[PDB]
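Asks:
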Amino acid sequence: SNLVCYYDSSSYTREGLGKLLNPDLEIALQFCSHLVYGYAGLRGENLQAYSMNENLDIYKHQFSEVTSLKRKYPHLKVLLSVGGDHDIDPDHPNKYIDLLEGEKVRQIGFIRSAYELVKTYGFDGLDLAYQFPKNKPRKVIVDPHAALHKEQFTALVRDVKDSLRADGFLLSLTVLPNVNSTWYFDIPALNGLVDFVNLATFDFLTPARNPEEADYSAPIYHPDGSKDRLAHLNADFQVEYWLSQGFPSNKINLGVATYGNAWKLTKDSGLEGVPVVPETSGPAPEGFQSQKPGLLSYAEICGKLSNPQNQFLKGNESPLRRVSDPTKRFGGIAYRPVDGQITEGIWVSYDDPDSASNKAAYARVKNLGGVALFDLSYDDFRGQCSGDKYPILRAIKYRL
Ligand SMILES: *[C@@H]1O[C@H](CO)[C@@H](O[C@@H]2O[C@H](CO)[C@@H](O[C@@H]3O[C@H](CO)[C@@H](O)[C@H](O[C@H]4O[C@H](CO)[C@@H](O)[C@H](O)[C@@H]4O)[C@@H]3O)[C@H](O)[C@H]2NC(C)=O)[C@H](O)[C@H]1NC(C)=O
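Mapped onto PDB author numbering, the consecutive letters of the sequence shown carry residue numbers 2 to 141, 161 to 420.
(1) Below 8 Å, is the gap between the Cβ of residue 257 and the nearest heavy atom of ligand 1?
(2) Please classify residue 269: is it buried, with 16 or more other beta-carbons within 10 angstroms of its beta-carbon, or exposed?
(3) Taking the straight line between their C-alpha atoms, what separation do you get for residue 260 and residue 40?
(4) In the structure shown, what three-state DSSP assignment does residue 228 receive?
(5) How far does the beta strand (DSSP E) with residue 148 in it extend, from its first residue to its last?
(6) Give me the DSSP bridge partner(s) of residue 2.
(7) What residues in its chain sit with their C-beta under 6 Å from that of residue 240, if we drop five residues either side in the sequence?
(8) Using only Cβ atoms and a threshold of 5 Å, which residues come within that distance of a heavy atom of ligand 1? Order them by chain position.
(9) Give me the DSSP bridge partner(s) of residue 194.
(10) Give every residue of the same chain whose Cβ lies closer than 8 Å to the Cβ of residue 414, excluding the five residues on either side of it in the sequence, and list them in chain order.
(11) Threshold first: 4 residues or longer. Then list the alpha helix (DSSP H) segments lying entirely within the segment 355–395, N to C.
(12) Based on DSSP bridge pairs, tell me the residues matched to residue 279.
(13) Roughly how many angstroms separate the alpha carbons of residue 178 and residue 337, rounded to a whole number?
(14) Would you call residue 186 buried or exposed, if buried means 16 or more other Cβ atoms sit within 10 Å of its Cβ?
(15) Within its chain, find whatever has a CB closer than 6 Å to the CB of residue 322; leave out the 5 residues flanking it on each side and keep chain order.
(16) Do residue 310 and residue 283 have their CB atoms nearer than 9 Å?
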């Protein structure tokens, strides 16, 4: 099976123990069949693909520091990903749709600039993690031209493929969280144009999108205990949609996340950690290592769960508790309510090594191509949790 390891290159410069330098990156490669360098973006002025940190990626060679790892792992394939929900540009918020709707000269400039990034820096191919409009989050028509945009995406993909053919470069698509495949992906047509598709079947709910209630963010199956939950928001619904639309199972990778979605609780959120958790208050305080409100790395979540340091501590120093449905269909929960001396309540939806292993077992049951892991920088690459480095990645590899 494949194990496609995403690498968010912003991790190279993080301040503190979330910093992922190249020796730690290399430790992962014994488990990964592919490494995907994230992320290039689109220029606001002309929609060309470009490095969002040229000083690092180009002038200090981080692109080729990563692609040259093929010298040490000769079968490793290294791709460059465009977009990924990491091209954040509030003053040019329409770039991805404008490229679809673009004049030929604008699209050709994107195709050529992408090609040149792949070739110049030693990549084996390109990942289009296209930043489509997402499902509208439900409180408590996004795109009137979706059908046109589907057709334009097929054509763009066809044109990107053509640019890659003579060199033999790979082309993948990533369907990002809450990107709706019915709206945008002509699945049977895309099958002839791309080598594989990663379905990012996680972050179905997040505190940024869903600040006032919390629910499982990456279940395999639909949780009937999640009152009123939208039925398409689960990994099996997404995978079965791609299979039923005609995509070969061996060309699909199941997306698994190494980070968790963390909500701030209130007293009114009550004492049940099984979701839906009501009356939440947006994102949890950022972790000191990951420094993103509402996200936590696996190491940060592990450090919050019971361990010999914190097991007897009280109030806001007490452990988060594990909530785990015995059927194992839905994923991990780390939880501490607002109660008593505890004033900082938190609910985290995440995969730990065991639930990530179960995602890999589901991939195998459905005869998928493998798993795509988002991303190495939030796996515990230093082994802070148990001493074992990359416990999530290894749990998935073990099962493939
Ligand atoms: C793209 O987004 C659209 C929404 O904008 C999404 O369409 C939604 O799909 C879900 C799943 O197919 C639909 O919900 C189902 O609706 C039927 C018909 O009313 C219900 O009977 C279903 O209830 C059954 O299944 C549940 C889980 O198995 C059970 O728990 C439940 O009791 C029933 O047994 C279920 O609610 C929803 O109607 C549409 N919405 C619209 C507006 O079309 C589409 O799936 C998204 N595409 C992708 C690929 O994600």
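We put the beta carbon where it would ideally sit given N, CA and C, even for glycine.
Replies: In this structure, then:
(1) To locate residue 257, count along the sequence shown from 1; it is residue 237. Residue 257: yes, Cβ under 8 Å from ligand 1.
(2) One-based indexing of the sequence shown puts residue 269 at position 249. With fewer than 16 other Cβ atoms within 10 Å, it is exposed.
(3) As a working mapping, residue 260 is identified with position 240 in the sequence shown. As a working mapping, residue 40 is identified with position 39 in the sequence shown. So the alpha carbons of these two residues sit roughly 28 Å apart.
(4) Locating residue 228 in the sequence shown gives position 208, where the first residue counts as 1. If DSSP states are grouped into helix, strand and coil, residue 228 belongs with coil.
(5) The structure shown gives no position for residue 148: in the chain, residue numbering passes from 141 to 161 with nothing in between.
(6) Taking the first residue of the sequence shown as 1, we reach residue 2 at position 1. Answer is none; residue 2 lacks a bridge partner.
(7) For this step, residue 240 is matched to residue 220 along the sequence shown. So the list reads 255, 256, 349 and 382, once near-sequence residues are dropped.
(8) 200, 201, 202, 242, 251, 252 and 261
(9) Position 174 of the sequence shown holds residue 194. In DSSP, residue 194 forms a bridge with 218.
(10) In the sequence shown, the residue the question calls residue 414 occupies position 394. So the qualifying residues of the chain are 32, 373 and 408.
(11) 373–385
(12) Locating residue 279 in the sequence shown gives position 259, where the first residue counts as 1. Note: residue 279 sits in a beta bridge opposite 317.
(13) In the sequence shown, the residue the question calls residue 178 occupies position 158. In the sequence shown, the residue the question calls residue 337 occupies position 317. Looking at the two C-alpha atoms, the distance is approximately 54 Å.
(14) Position 166 of the sequence shown, counted from the first residue, corresponds to residue 186. Per the 10 Å Cβ criterion, exposed.
(15) Translated into the one-based positions of the sequence shown, residue 322 becomes position 302. So the qualifying residues of the chain are 405.
(16) Locating residue 310 in the sequence shown gives position 290, where the first residue counts as 1. Locating residue 283 in the sequence shown gives position 263, where the first residue counts as 1. Against a cut-off of 9 Å, the Cβ pair of residue 283 and residue 310 comes out as no contact.
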